[PDB]
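Asker: below you'll find the sequence and an experimental structure to go with it.
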Amino acid sequence: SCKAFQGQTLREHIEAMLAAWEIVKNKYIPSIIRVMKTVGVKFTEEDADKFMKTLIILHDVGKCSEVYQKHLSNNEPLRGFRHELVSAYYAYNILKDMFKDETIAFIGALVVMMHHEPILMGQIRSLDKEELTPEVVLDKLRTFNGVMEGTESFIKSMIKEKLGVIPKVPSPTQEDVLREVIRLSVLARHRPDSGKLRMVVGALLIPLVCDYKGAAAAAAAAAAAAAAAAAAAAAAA
Amino acid sequence: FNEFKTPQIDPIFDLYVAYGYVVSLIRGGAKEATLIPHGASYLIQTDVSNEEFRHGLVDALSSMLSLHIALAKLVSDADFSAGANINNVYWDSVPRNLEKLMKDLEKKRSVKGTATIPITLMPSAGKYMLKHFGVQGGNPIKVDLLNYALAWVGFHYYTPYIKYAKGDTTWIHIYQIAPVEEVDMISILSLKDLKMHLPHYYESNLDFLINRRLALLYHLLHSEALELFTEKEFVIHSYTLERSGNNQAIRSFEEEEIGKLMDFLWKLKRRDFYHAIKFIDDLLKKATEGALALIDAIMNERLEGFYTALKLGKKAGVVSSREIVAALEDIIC
Amino acid sequence: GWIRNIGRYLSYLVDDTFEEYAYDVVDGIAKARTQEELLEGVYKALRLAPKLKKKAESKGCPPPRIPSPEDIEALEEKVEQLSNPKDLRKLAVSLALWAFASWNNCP
Amino acid sequence: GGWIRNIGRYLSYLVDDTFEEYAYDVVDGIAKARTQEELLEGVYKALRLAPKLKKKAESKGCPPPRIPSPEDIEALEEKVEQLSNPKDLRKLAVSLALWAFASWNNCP
Amino acid sequence: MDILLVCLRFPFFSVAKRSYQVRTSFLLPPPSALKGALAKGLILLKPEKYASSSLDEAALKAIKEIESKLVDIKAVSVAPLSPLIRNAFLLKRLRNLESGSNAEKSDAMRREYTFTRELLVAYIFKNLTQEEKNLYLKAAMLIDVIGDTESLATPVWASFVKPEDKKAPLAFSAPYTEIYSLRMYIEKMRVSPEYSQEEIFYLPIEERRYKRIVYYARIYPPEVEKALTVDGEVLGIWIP
DNA sequence: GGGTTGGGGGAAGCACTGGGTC
DNA sequence: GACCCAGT
Ligand code: NI
């Protein structure tokens, strides 16, 4: 029962995304398959269903690492901490075993940490007001002394309750997360394909960020932020 | 396991040709590859077939020709055409070879010609060698097209360069990282991010590009690449191609190490990021002679260098942020 | 570290918001090496307290805070056994390094 | 060791405000001296203004200043005779004058 | 088997490889330079045998004699005991050896060298006789200048040592011809000079960084049955 | 102690022997 | 050994 927000826990947070997504599946999946097919792996809409479910179920699982809890307790600032990057190493191996390949596990491990605040891979002009910096987030990563035992079996508690594929969890201590979060970024940055590893990764990102209706609103432009939340007319009655 | 053989000619040229092998095998896959260092041989150990190597080269040269023809006997303004190229005779000769392989590699035919390597890829080249008595004519160093094409592909993408012309004169500084103990796909691909495409600064306000040891800091500042050097070991090799008064010659060639500079910037840009770049850019633009004292203090841990640069720069203009001062004492303590 | 609470006073004599611009003390403390000029240089910086007190009030911002004596003795007790220049410069240079900051407290 | 803070507290009452007394000449002469003889002269000039300040603070509402203990006089006397070389004389000449400017709560 | 070991504590290197603009240098002195330095010592010391019209054949006959008194093509090996560092020098190399380009044509070329603090040189023989043993012992010293005419080398001592099959890892250089089992480090070395062939030698150089600098540390290759001990520090020598 | 000014503008390497081709 | 070349 690890809480994910100030007053909202991760448990109801997951069902908030499912209750946002039961209708989004009939709009993007036929449109996401046709753009996914460029990478080489191909499957029907049924496999895409489970793929998008696996991505939505683990998107911010790194929020319980005895760091976010000790920061969002009363008033402690994050000090430029990134909560979800470690989730990437959780989203790398899980797709390795249930798809039995790598070409579709890599894109998942990227899209799972393209959200929230993506990492800026250099090439700055003269300034950066925000904290999109690998150098400052490595300092906050250095204090990651593993994860609590409460999340060791907790990962078995949401995958079996909806579909059920296979039980498997990794064991982060200091370095297995390191040489994976670095290798995924370095492989995604430099490949012969120039713009695919950007447009396709964003295309997979787009359905994952429907969380605004799931959580509490924070901006006045909510009307324009839910244009695709609805659909066309079904019938007259 | 194939273990593609790599000829040994020059410690710098062999670096470029062997280190440029990865840009082609990435295009062809080559999973589970490695690069065992040898100081100058730098041999690639990969369990992949030779057929996909040419499939990598054809894609790489397609990218090169797409870059070359886009900009503008035709002379472009790219790294392999006029960016790092100091000699005009190679402005059109080099691309002509690059497109020549389009008539050789597409239909699966081996190379038969042999071209002349310019000085930009390998500084030891020239016109006047010494064998027993006196000099000779032309360039005795003649490189086969196979090894010739494998150098530019690694030069354009991986090794960066800085160009500062100021009208008739021209200064070109070339930096490259050479592995010395071990290296993998995580590091060689990350080093590709350091490349500065079209580094034509000119004007007069951007004069801070004077001297190579000062231009390297400016190149590194705006590239917050991977900081793996805190656990790895790498060396920086740099050379200059001066063209003062249309006089193509090399006047600066020193060997340094990049690990301590990596650690310095990593320990500096940790408390804050918005003000660190502003501070260093201000000291570089205004305190032109003072930033030399800052850069020199990095490879020797000089205490007076950390103060002289600030003293000389504050007199003109310096923001002097608070969080960055605590970053220097993190290295000092 | 008894440094963050003393470097901001040293920064009071370099910032543009206080236009007096006395770098002689900073130069003296930066090049302090043997035993004595390190304690002599900091005297010149710590002496010019009135200056800052009047200058902050001359614009509107509150008067600057003078460093507390709860940690000044940390320099005297450290300079004694650290007689050699091996590690004495190691902190003498940091003392002058902390003098070049902004500390924007006078908008 | 221990007496430096006590003498610095006394020297603080000469440069602080809420006292209408500002005499930097003596505190300047104590620190940036050249010879051991003028050190004690400056100490005397600084210490002489004890009674004139021991009574005005309570009249102005401030707590009375704590006069340095006579035992510290023994230490400051017995520290200077055996140390005659000017190499490490300026450090002690400025050590006591450093504590003149601090955050002592003279007038809470 | 006798090995003549000498010590050369010369700071900066002298050899320059085949290069223009920049003058790249070996990390350890080439055997050809050592052959020349020893051969030139026999001429001014023993001029009653080295009679020549010019220097061209004077060097050739000395090199031929040195090769004749040698066991094989491998001339001589060296052992570094100090962290080598690649320095940077800017020298004047005039270019006026062509049929034209007036007389004064000189510009600056970066003729950079290498710095070391301690170095050993091990010459190898085939149990020579005594009457020339003293001559070669005296000729081993008096090596004041090596490579070019701008840097000086100072010998320290010279003595003979036996292998005796002592347990020690390889330390001196060895050709890379049949040695595969011995991180490996080979470059063009040019054991044999030319006067108008090119073998590859294994060089004991590896880069290791502790916290600040990388320099060139020791690779400690696998042990070789042949080795020699001196001043406590035993070093492994490769003998064919 | 109580206010006015913190650089000011100008300069911040020319010429000089270019090194490759063919 | 006489030819070649550049863009703010
Ligand atoms: Ni979220």
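Answerer: Now that the structure is in, tell me what you want to look at. Numbering: from 1, shown residues only, chains lettered A, B, ... in the order given.
Asker: give me the residue from chain A nearest DNA strand G.
Answerer: Of all residues in chain A, the one sitting closest to DNA strand G is residue A:125 (18.2 Å; C-beta to the nearest atom of the strand). Where C-beta positions appear, they are placed from N, C-alpha and C, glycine not excepted.
Asker: and for that residue, the neighbour number?
Answerer: 8 (other C-beta atoms under 10 Å in any protein chain shown).
Asker: residue B:278 is in contact with that one, correct?
Answerer: No: if you go by C-beta atoms under 8 Å, residue A:125 and residue B:278 don't touch, sitting 11.1 Å apart.
Asker: from chain E, how far off is the residue lying closest to the residue of chain A closest to DNA strand G once chain neighbours are set aside?
Answerer: Counting by C-beta to C-beta, 6 or more residues apart in numbering or on different chains, residue A:125 lies nearest to residue B:222, which is 7.4 Å off, once chain neighbours are set aside. According to C-beta to the nearest C-beta, to the nearest Å, residue B:222 stands 26 Å off from chain E.
Asker: what's near enough to touch the residue sitting furthest away from the middle of chain C?
Answerer: Distance from the centre of chain C peaks at residue C:60, with 23.3 Å (C-alpha atoms, centre = their mean). Residue C:60 makes contact with residue C:106, according to C-beta atoms under 8 Å, 6 or more residues apart in numbering or on different chains.
Asker: look up how far residue E:119 lies from the most centrally placed residue in chain E.
Answerer: By C-alpha atoms, centre = their mean, the mean C-alpha position of chain E lies nearest to residue E:29, the distance being 3.5 Å. Separation of residue E:29 from residue E:119 (C-beta to C-beta, to the nearest Å) stands at 8 Å.
Asker: shared neighbours of the two, anything?
Answerer: Listed as contacting both residue E:29 and residue E:119 by C-beta under 8 Å, 6+ apart are residue E:78.
Asker: which helices and strands sit right next to the longest helix seen in chain C?
Answerer: Counting residues, the longest helix in chain C under DSSP state H turns out to be helix C:85-97. Helices and strands touching helix C:85-97, by 3 or more C-beta pairs under 8 Å, 6 or more residues apart in numbering or on different chains; DSSP states H and E, are helix B:305-314, helix B:325-332, helix C:4-10, helix C:24-30, helix C:37-47.
Asker: can you tell if the third one touches chain D?
Answerer: Just to be clear, that refers to helix C:4-10. No: judged by C-beta under 8 Å from any C-beta of the partner chain, helix C:4-10 stays clear of chain D, getting no closer than 9.4 Å.
Asker: contacts for that helix, please.
Answerer: Counting by C-beta under 8 Å, 6+ apart, B:325-326, C:26, C:45-46, C:64-68, C:71-72, C:95-96, C:98-99, C:101, C:103 sit against helix C:4-10.
Asker: ok, the fourth one next?
Answerer: Under the contact criterion C-beta under 8 Å, 6+ apart, helix C:24-30 has outside partners B:304, B:307, B:311, C:10, C:13-14, C:37-38, C:40-42, C:44-45, C:48, C:92-93, C:95-96, C:99-100.
Asker: do the same with the second one
Answerer: For helix B:325-332, the surrounding residues in contact (C-beta under 8 Å, 6+ apart) are B:263-264, B:267-271, B:276, B:303, B:306, C:3-4, C:7, C:90, C:93-94, C:97-98, C:100-101.
Asker: strands of chain B, residue ranges please.
Answerer: B:33-36, B:43-46, B:114-116, B:142-144, B:161-164, B:171-179, B:234-243, B:248-249, B:253-257 (DSSP state E).
Asker: element containing the closest residue to DNA strand F within chain A?
Answerer: As assessed by C-beta to the nearest atom of the strand, DNA strand F sits closest to residue A:126 within chain A, at 21.6 Å. Using DSSP states H and E, no element contains residue A:126; it sits outside every helix and strand.
Asker: quick one, which of the strands of chain B is nearest to residue A:25?
Answerer: strand B:33-36 (39.5 Å; C-beta to C-beta).
Asker: ok, the residue of chain C found nearest chain E - contacts?
Answerer: Here chain C gets closest to chain E at one residue, residue C:90, 15.5 Å apart by C-beta to the nearest C-beta. Going by C-beta under 8 Å, 6+ apart, residue C:90 touches B:303, B:332.
Asker: and residue A:204, by the same measure?
Answerer: A:32, A:36, A:55, A:107-108, A:111.
Asker: most neighbours among those, which one?
Answerer: Tallying neighbours with other C-beta under 10 Å puts residue A:107 at the head of the contacts of residue A:204, with 24 neighbours.
Asker: in a helix, that's where that residue is, yeah?
Answerer: Yes: the assignment for residue A:107 is a helix, going by DSSP: H, G, I helix; E, B strand; the rest coil.
Asker: doesn't residue A:201 make contact with it?
Answerer: Yes: taking C-beta under 8 Å as the definition, residue A:107 is a contact partner of residue A:201 at 6.4 Å.
Asker: how about the residue of chain C found nearest chain B: what's its closest non-neighbour residue?
Answerer: Residue nearest to chain B within chain C: residue C:93 (4.2 Å; C-beta to the nearest C-beta). Sequence neighbours aside, residue B:303 is the residue nearest to residue C:93 in space, at 4.2 Å (criterion: C-beta to C-beta, 6+ apart).
Asker: ok, residue 39 - how many residues close by?
Answerer: You didn't pick a chain, so chain A it is. With other C-beta under 10 Å as criterion, residue A:39 counts 15.
Asker: was after chain E, sorry
Answerer: 20.
Asker: buried residues in the host helix or strand of it?
Answerer: Following DSSP H and E, one finds residue E:39 within helix E:31-45. For helix E:31-45, burial by neighbour count (16 or more other C-beta atoms under 10 Å in any protein chain shown) applies to E:31-43.
Asker: so how far is it from its chain's centroid?
Answerer: Helix E:31-45 sits 11 Å away from the centroid of its parent chain (C-alpha atoms, centre = their mean, to the nearest Å).
Asker: residue of the stretch 101-250 of chain B closest to chain E, please.
Answerer: At 2.8 Å from chain E, residue B:126 is the closest residue in the stretch 101-250 of chain B, using C-beta to the nearest C-beta.
Asker: excluding chain neighbours, what is closest to that residue?
Answerer: Per C-beta to C-beta, 6+ apart, closest to residue B:126 is residue E:20, 2.8 Å.
Asker: neighbours of that neighbour, how many?
Answerer: Neighbours of residue E:20 under the rule other C-beta under 10 Å: 22.
Asker: can you tell me how far residue B:244 is from residue E:108?
Answerer: In terms of C-beta to C-beta, residue B:244 sits 11 Å off from residue E:108.
Asker: now swap in residue A:6 and tell me
Answerer: Residue A:6 is 67 Å from residue E:108, by C-beta to C-beta.
Asker: more neighbours: the two, which one.
Answerer: The neighbour count for residue A:6 versus residue E:108, taken as other C-beta under 10 Å, is higher for residue E:108 (15 against 7).
Asker: that one in helix, strand or coil?
Answerer: What three-state DSSP gives for residue E:108 is strand.
Asker: now chain C against DNA strand G: closest residue?
Answerer: Closest point on chain C to DNA strand G, by C-beta to the nearest atom of the strand, is residue C:16, at 32.3 Å.
Asker: so what's the residue of the stretch 151-300 of chain B found nearest chain C closest to, chain neighbours aside?
Answerer: Among all residues of the stretch 151-300 of chain B, residue B:275 sits closest to chain C, at 8.9 Å; criterion: C-beta to the nearest C-beta. Of all residues not flanking residue B:275 in the chain, residue B:321 sits nearest, at 3.6 Å (C-beta to C-beta, 6+ apart).
Asker: how about residue A:56?
Answerer: residue A:17 (5.4 Å).
Asker: who in chain C is up against chain B?
Answerer: If contact is defined as C-beta under 8 Å from any C-beta, the residues of chain C in contact with chain B are C:3-4, C:7, C:11, C:14-15, C:23, C:26-27, C:30-31, C:89-90, C:93-94, C:96-98, C:100-103.
Asker: mind giving me the PyMOL select for the residues you listed, buried ones only?
Answerer: Buried members of those, defined by 16+ other C-beta under 10 Å, are picked up in PyMOL with:
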select buried, chain C and resi 3+7+11+14+15+26+30+31+89+93+94+96+97+98+100+101+102+103
